[PDB]
Amino acid sequence: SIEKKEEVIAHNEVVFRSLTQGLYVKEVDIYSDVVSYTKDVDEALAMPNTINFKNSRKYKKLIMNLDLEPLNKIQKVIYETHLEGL
Amino acid sequence: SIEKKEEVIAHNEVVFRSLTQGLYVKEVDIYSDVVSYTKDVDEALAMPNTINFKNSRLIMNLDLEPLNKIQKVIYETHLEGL
Amino acid sequence: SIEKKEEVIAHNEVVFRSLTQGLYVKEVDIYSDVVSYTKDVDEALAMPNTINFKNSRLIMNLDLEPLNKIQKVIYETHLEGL
Amino acid sequence: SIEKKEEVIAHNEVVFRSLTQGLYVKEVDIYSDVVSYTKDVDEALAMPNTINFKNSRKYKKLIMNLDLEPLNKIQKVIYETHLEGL
Amino acid sequence: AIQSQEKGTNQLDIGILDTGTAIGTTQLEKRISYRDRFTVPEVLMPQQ
Amino acid sequence: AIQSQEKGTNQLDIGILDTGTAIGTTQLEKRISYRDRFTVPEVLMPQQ
Amino acid sequence: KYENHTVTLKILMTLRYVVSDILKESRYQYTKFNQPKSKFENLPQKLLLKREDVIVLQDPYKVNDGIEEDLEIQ
Amino acid sequence: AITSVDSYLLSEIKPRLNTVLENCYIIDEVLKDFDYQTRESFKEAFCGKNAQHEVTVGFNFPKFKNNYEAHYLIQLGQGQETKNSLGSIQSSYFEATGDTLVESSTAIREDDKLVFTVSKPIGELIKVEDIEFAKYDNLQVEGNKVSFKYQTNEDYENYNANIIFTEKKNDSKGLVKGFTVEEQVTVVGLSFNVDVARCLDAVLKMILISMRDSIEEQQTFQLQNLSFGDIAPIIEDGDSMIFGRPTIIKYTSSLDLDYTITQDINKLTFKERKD
Amino acid sequence: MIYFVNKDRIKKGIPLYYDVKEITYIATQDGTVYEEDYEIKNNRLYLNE
Amino acid sequence: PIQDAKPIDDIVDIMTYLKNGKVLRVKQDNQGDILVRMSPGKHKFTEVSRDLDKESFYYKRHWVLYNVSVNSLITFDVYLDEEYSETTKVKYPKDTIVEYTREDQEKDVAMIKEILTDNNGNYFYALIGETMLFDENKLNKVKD
């Protein structure tokens, strides 16, 4: 008995994964080649992906690397109001 | 898909509602008899939904339609692929 | 040619390295198990290279390829003629 | 097993030696003729010879003196990283 | 059309700065707006 | 071409100082730059 | 070769301007002679232009035309 | 934790100002001393859910045109260092801690304990509303959730509590180095109608009063002082003047940085000597 | 001119600082806007959800 | 053959596809590539985009009005945006000045007529006025 429902987006950012190694990028060099890795989603080279930050330039070389798999990490909070009768 | 999820109950209360007009109670008098009504579902007068309070004072009017209101707030994340 | 020279060892440490990936360790967990790797040779996790420490805790993982890292810094001068 | 190597120049300056006496100049008069001498390299009439200070004018008379032998005193610090296995 | 073109230089603690007035006159039926931008490929300006 | 040549003198606590405005007009196709330098051998100036 | 050297340049750049004020902004004529009916025409604006030094943007990306310049016709 | 007073001011002002202007009762309470005319005109213009006219707030030097019917204008102002501690030491922490959070959380039943769930882990529990746990209840925090003995408290299985707690960031330990800064921030209301400016200033004063119960400035921005300027014509070159009364707000905050420590002692080497 | 939209302004209608005769060009973060999505009444602007 | 290019010949087909609303890719000379589009809704007018990459959650194209000239369309090469191939990894592009030697050991210039490859990746080239195929080494890239 969902009386009302609402959704909120807290974060929306891109995170990259190596196809074979299964790790997530955390650091890059001056040439923008990967230097480090982590197996933790909470610590990754996050690229903002909100409305204002689309069409970036910082990570063009990183994107074109075929070994990397971009992922849209999105965090949400949803409020649900229940009326359960008496 | 879902990578991580957790559910918590922010509030759990009892809302009072009129049987004829259908409007919920907003403000009350000294004895807590109704003096104002409102169409809102959340702003309506409410009390904690636990047995101790119920035993500690339904009591105001014969319009006997209380409404157990429970609020579910959920935190979740997704990893949607390309 | 050389007019004066002296050599000193600024640091002497043991670096940990993975056997498969080849990347050195950067960050670790509570037990000092690996959580991050890095391609850098200097930034890698390292510990003093002395027997007392070794007896005082290899211990974290079976990727048993530590690397004794020694840093030589040398001061010298020349008197080059015309 | 030199993993990596680097070099740094701390000082680069000119110092003059008398061909016969074997001493190093320390002081000159108003006419820029030698007044004093030392047998210590650390105390000499140093002329800066970094990139910016080339083609000087203070010591033209001193340079043309045939009795003097210019020397390029250069000081260096070199860092060597060794990987010695286990 | 363009007139009175000035390369006014102000030397300050922050550094040198190029700013000056140039007066222009348009064609008919054209309604320019504040902070519109123009560029003249033909004319080149020396800087150091 | 040169015009309006002025030897403006300011007497101050630091001393006397010579500074003044002179307005010049060049030939065609010449693109002068800020703090360029000119010298006129023909014209001599008295100083004391 | 120039890791720790200084470098200096004498450079040529395109002239650019921005409109910092609009001045004698509108001038008008009811042109009627040799017209079917009265017509309103906006005469030239005067602009007070300002140079772009503090912030510089590249030349705009104009759409090119495939017509060769100085093209022979017969 | 570097402090940005302007952003905090904006975040506190916007929802609170909207809520205050939402209802008429609070506005009538605020404008008790004012005359009938100006009070009712302001209420008609801005007050109420269905108000057609609306106020705005923003920082100074906006490149766009800004509405001058009623607006709150902020500018950063001066700052000064007033007090210091020995070695610039402010506090010592064993576990990295972020902001202080307040969350509502209904009680839950677990096989041995009543518990409350929270959004994020716990570094330290400050207070649970209307509760003073005894030894018998054996209050324990285990990451996200806090817990107490089930049996003797079983009457409260659904207690509608709320929690004031602190986030947990890392298990590392370090030192807090910093000082106290005494900062001044200027706030001014703008309106071509002077009476609207007066009412706007009164509303500003009331929301500043209300803010003193806020968690953040209770913990971060103590010692609030106020100062009001004279009603002056902000601009005369327009068709009509802009009238505004600047106000200066003062705060005291602790600019600080966390200096981590990697030294951890776990063994002892007590040995004698011989000669 | 520029305005910022919220859940409240969408229904009331944006109050414009200037008057209106006609609109030349509209835009937002998602690009331009077409006549099918916006309307103007009594010198205030409405937008869809 | 290679499926990396499918240029449109007639402008009429281009206009027909524009009526259907499909995006186009229009090359330029010593200049960035362009995408062209017909605006939706009540009012119909051309729109252009300086961006080229595919739309995604992390990348969105920007469209603005422009008075596109039919001369550009008729003259410059045009492709369907969805079916365009970024690059064919060959030393010499199509329609490029090249030099070679004829069957009688006589040197001659020409432009590339066709770009071909075998199943093993070896690339063969056909020049104008030459039916036979030429090796990559046998060709020479003429300097402008």
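Here are some notes:
- Per-residue average of Cβ from other chains inside 10 Å of A:75-83: 6
- Gap separating the Cα centres of segment F:32-48 and segment H:220-263, nearest whole Å: 55
- Prolate/oblate/rounded label for chain J (Cα gyration tensor, a/c 1.5): prolate
- Using the Cβ of E:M45 as centre and a radius below 11 Å, the other residues enclosed give a net charge of +1, where K and R count +1 and D and E count -1.
- Principal axis extents of the C-alpha atoms in chain B (largest first, rounded to whole Å): 60, 29, 19.
- Rounded Å value of the spacing that divides the Cα centres of segment A:8-35 and segment D:9-37: 61
- Inter-chain Cβ neighbour count for E:30-39, averaged per residue, equals 6 (cutoff 10 Å, partner chain atoms only).
- Helix-derived mean residue ellipticity, 222 nm - over the protein assembly as shown, DSSP H n ≥ 4, -39500 (n - 2.57), to 500: -3000 deg cm²/dmol
- Global dimensions of segment C:4-46 from alpha-carbon coordinates: Rg and Dmax equal 13.9, 48 Å.
- Annotation: amide H of D:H11 within the under-5 Å range of D:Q75, sequence separation 5 or more or interchain, hydrogens built in the peptide plane.
- From phi via Karplus (6.51, -1.76, 1.60), per-residue ³J(HN,Hα) for segment H:89-105 in Hz, x at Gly/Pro: 7, 9, 6, 10, 10, 8, 10, 4, 10, x, 6, 8, 10, 10, 9, 6, 7
- Sorted from greatest to least, the principal axis extents spanned by the alpha carbons of chain A come out as 64, 28, 19 Å.
- For the segment G:39-50, counting C-beta atoms of other chains within 10 Å of every residue's C-beta and taking the mean gives 6.
- Label-to-label distance, C:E43 versus H:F61, with points set 7 angstrom from Cα along the beta-carbon direction: 3.6 nm.
- Label-point gap, in nm, between A:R57 and C:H11 - each point 7 angstrom along Cα→Cβ: 3.6
- Under 15 Å from the Cα of E:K7 - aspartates and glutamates, other chains or at least 8 residues apart: E:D18, F:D36, G:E52, G:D53
- Over the protein assembly as shown - Rg/Rh using Cα atoms and the Kirkwood inverse-distance radius: 1.01
- Computed from Cα atoms, the angle from the helix J:11-20 axis to the main principal axis of chain J rounds to 40 degrees.
- Computed over neighbours whose Cβ is under 11 Å from that of D:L71, the net charge equals -2, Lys and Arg +1, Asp and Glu -1.
- Amide H contacts under 5 Å for H:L255: H:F179, H:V181, restricted to partners 5 or more places along the chain or on a different chain, H placed in the peptide plane at 1.01 Å from N.
- Helix runs (DSSP H) in chain H reaching 20 Å along axis by Cα, Kyte-Doolittle at least 1.0: H:194-211
- Cross-link partners of H:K135 among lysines, defined as those whose alpha carbon lies under 24 angstrom from its own and excluding same-chain residues fewer than eight positions apart: H:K113, H:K127, H:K145, H:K149.
- Amide H contacts of B:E6: B:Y75, each under 5 Å away and 5 or more positions distant or on a separate chain (H built 1.01 Å from N in the peptide plane; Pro and chain starts excluded).
- Net charge of Cβ neighbours under 13 Å - reference B:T20; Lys, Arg +1; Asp, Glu -1: -1
- Förster-model FRET efficiency, 51 Å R0, J:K143 and F:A22, C-beta, rounded to 0.05: 0.50
- Scalar couplings 3J(HN,Hα) for segment H:154-160, obtained by applying the Karplus form with A = 6.51, B = -1.76, C = 1.60 to θ = phi - 60°, are 4, 5, 10, 4, 10, 4, 7 Hz; x denotes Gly and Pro.
- Estimated inter-spin distance, I:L16 and G:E69, nm [label 7 Å along Cα→Cβ]: 4.2
- Of the chymotrypsin sites (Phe, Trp or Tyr not before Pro) found in chain G, those that fall in a DSSP loop while having at most 12 other beta-carbon atoms within 10 Å are G:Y2, G:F33, G:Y61.
- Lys/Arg +1, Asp/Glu -1 at C-beta; chain A dipole; positive extreme among A:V15, A:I51, A:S1: A:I51
- Proximal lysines to B:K39, defined as alpha-carbon separation beneath 18 angstrom and excluding residues fewer than eight positions away on the same chain: A:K4, A:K5, B:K26, B:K69, H:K49
- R0 of 25 Å, Cβ-Cβ distance A:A10-H:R16: FRET efficiency to nearest 0.05: 0.70
- Cα gyration tensor shape of chain I, rounded if a/c is under 1.5, else prolate or oblate by comparing a/b with b/c: rounded
- Distances in nm from F:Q48 to the matching label points in the other copies, shortest first (labels 7 Å along Cα to Cβ): 3.6
- Each listed q (0.18 Å⁻¹) maps to a log10 I(q)/I(0) for segment H:144-275 from the Debye sum over equal C-alpha point scatterers, namely -1.08.
- Size estimate for chain H follows the Kirkwood approach: the inverse of mean 1/r over distinct Cα pairs works out to 23.0 Å.
- Rg/Rh for segment J:65-144 stands at 1.09; both radii use Cα atoms, and Rh follows the Kirkwood definition.
- D:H82-C:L19 FRET efficiency (beta carbon distance; Förster radius 22 Å; 0.05 resolution): 0.60
- Of the Cα atoms belonging to chain F, the radius of gyration and Dmax stand at 14.0, 45 Å.
All Cβ positions, even for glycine, are placed from backbone atoms using ideal geometry, and neighbour counts span all protein chains on display. Values in this text are rule-based calculations from the coordinates and carry no lab data.
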